[PDB]
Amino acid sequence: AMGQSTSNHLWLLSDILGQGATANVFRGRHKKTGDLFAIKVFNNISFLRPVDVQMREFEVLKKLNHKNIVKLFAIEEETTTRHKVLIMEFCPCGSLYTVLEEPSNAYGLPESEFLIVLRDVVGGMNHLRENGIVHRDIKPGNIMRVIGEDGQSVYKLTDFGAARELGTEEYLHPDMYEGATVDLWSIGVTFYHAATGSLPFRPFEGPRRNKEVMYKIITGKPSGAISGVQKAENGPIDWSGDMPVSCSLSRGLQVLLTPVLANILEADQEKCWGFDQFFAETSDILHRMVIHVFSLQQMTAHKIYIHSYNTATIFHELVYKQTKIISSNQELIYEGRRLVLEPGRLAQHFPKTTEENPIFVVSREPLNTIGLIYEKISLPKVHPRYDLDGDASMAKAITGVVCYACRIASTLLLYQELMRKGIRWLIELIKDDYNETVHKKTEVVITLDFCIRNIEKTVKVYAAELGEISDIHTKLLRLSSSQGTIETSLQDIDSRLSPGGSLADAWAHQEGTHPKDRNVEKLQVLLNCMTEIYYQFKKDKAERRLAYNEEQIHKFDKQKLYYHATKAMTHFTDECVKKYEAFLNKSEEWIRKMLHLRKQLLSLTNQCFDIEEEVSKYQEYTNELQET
């Protein structure tokens, strides 16, 4: 139907991307080439119209180019309405807000994608800072997302610099609600929103006329607390200076991110950071590499953030901070074999590691098995009301919960499949310790056999001599007897290491769940059905009203949305969870038995060294008798 146009560009009014106060953004094309561009048409521009100031201004923002900033191509005039039109680059993927609309990110973005967000936002914000221009209005809605040539997302900034001739209410600064601090505030609220999937400060009712509590929350600013939420109408505020349990970020990252947000979120400029403080700490985080470590003792995976130039000493310290294991008690295993790391080895030369192929950690000291620690979240109540807005919010909520359940279920399967491998590596690695103890035994055996034979032979050939010989014979028997005890007790250990020797990993190949079960795929199928319905309810909300047929289809699918979710949650707890807990229960059992065996093997090995020094004082005794 009706559509605006320009000298070089044209677009339909049906194609809308963003609707702002001063301008609107449409999906447009170049009249000649046909390439897609973002069309910024200014609404209500008469009482201003500074074609003198805005001329050079738009010419300045034109030459301004950055990877983390939405590019401005040209400034043109609408054909009929004669409105000024800016030509931005089209971002098909939408904004960060669009990403947060996804149920998969209802409880926070994936860790890698979050690192992309942090890096790009900082880069773009820094580039704006170097030009002196201040934003203050930074929100996921105005942070665009594009797909790079390498496939990875790239985030850019677009809406700014409109404060000249004239922040979001949830992203507003306390004193500004009614200094460069006002910047970092919205940035912090954004970062928490990307990590948690929700806003830092939430009243029970929300952003309304009962948002009076919110201002009290924001002006509250207790210590270094990064979030505060009241769980009831006009109730107390639950404060926390840490990340939620449902957060998809690794523990190592949360340790670094927590102080950052805490220092940039307060009304006082006293303790608040500057852009240099902020940039320094943030870039520091971005420069660090990733160390994937799976602790078998607690059955917990870890991501340790270290610079490439750091040593293995700081590495052991950080691993201690997360796993509570002494640096001297930390033992590493990689690809079936143990790996000895020098205290001063750089992180650049570390082996290739993934979360599905990490570095296992075994300890001499007994440690409790923790397993995966997650937030148990149930489904919300589904109301029979036809409220399109309600059905949309309920759809995102309930699908987000199921998304979380499927995410946890995938993690549980990872822990089990990693556990089985780590155990298989360990039993063969300790078996190698048994293999070397056999060798050291044979050394003492060869030493024993010949040394005793000489002394048993010297009496056959060639009071005084008899007394010496007898004492030596006894001494040789004192050691050879214990050598026989160890010899057979080691066969008992080998019997344990043998298949079906009560240390076998057969239990671990039975109790838990396997990729053969396809439990994650089973959950995803129902999750896809729900996700489809969700985006449909979004499409129905935009129309504000539906036809009779669409009305009942909306109701039918809404009921199926519940049935899908319950079916998934039931399969989650009755299959994935229970079999995981059983695998974890028997995990403690095998751990006790393994550490006990390891203690036995240790002692029996050291005893060979104890008798190794004894035969060195005897083989060089009589054989080395002095005479002219």
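What we label the rigid core is the largest C-alpha set whose atoms superpose within 1.5 Å from one form to the other. From 1 onward, residues are counted along the sequence shown.
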Stretch farther from shown form by Cα RMS in 5 other deposited structures of this protein, picked from 478-486 and 156-164 after core fit, is 156-164
Superpose by the rigid core: which stretch, 492-500 or 80-88, shows more Cα shift in 5 other deposited structures of this protein? 80-88
Taking the other PDB entries of this protein that cover both neighbours, check whether residue 508 lacks coordinates in at least a third of them. no
If we scan the other compared entries, does residue 546 go without coordinates in at least a third? no
Relative to the deposited sequence, how many residues with no modelled coordinates occur between residue 166 and residue 167 (none, 1 to 3, 4 to 9, 10 or more)? 10 or more
Residues of the deposited chain absent from the coordinates between residue 270 and residue 271 total none
Residue stretch of maximal mean CA temperature factor, 13-21 vs 611-619: 611-619
Averaging C-alpha B-factors over each stretch, which comes out higher, 590-598 or 52-60? 52-60
Considering only 458, 198, 153, 190, which residue's Cα atom bears the greatest B-factor as recorded? 458
Which of these, 98, 357, 186, 442, has its C-alpha atom at the highest B-factor, as the entry lists it? 442
According to the PDB entry, is the CA B factor of residue 307 in the bottom, middle or top third of its chain, that is, lowest, middle or highest? middle
Entry-reported Cα temperature factor of residue 298, expressed as the chain third it lands in: middle
C-alpha B factor of residue 46, ranked within the chain: lowest, middle or highest third? highest
By the record's CA B-factor, is residue 233 among the lowest, middle or highest third of residues in the chain? highest
Would you mind ranking residue 468 by its C-alpha B-factor against the rest of the chain and naming the third, lowest, middle or highest? highest
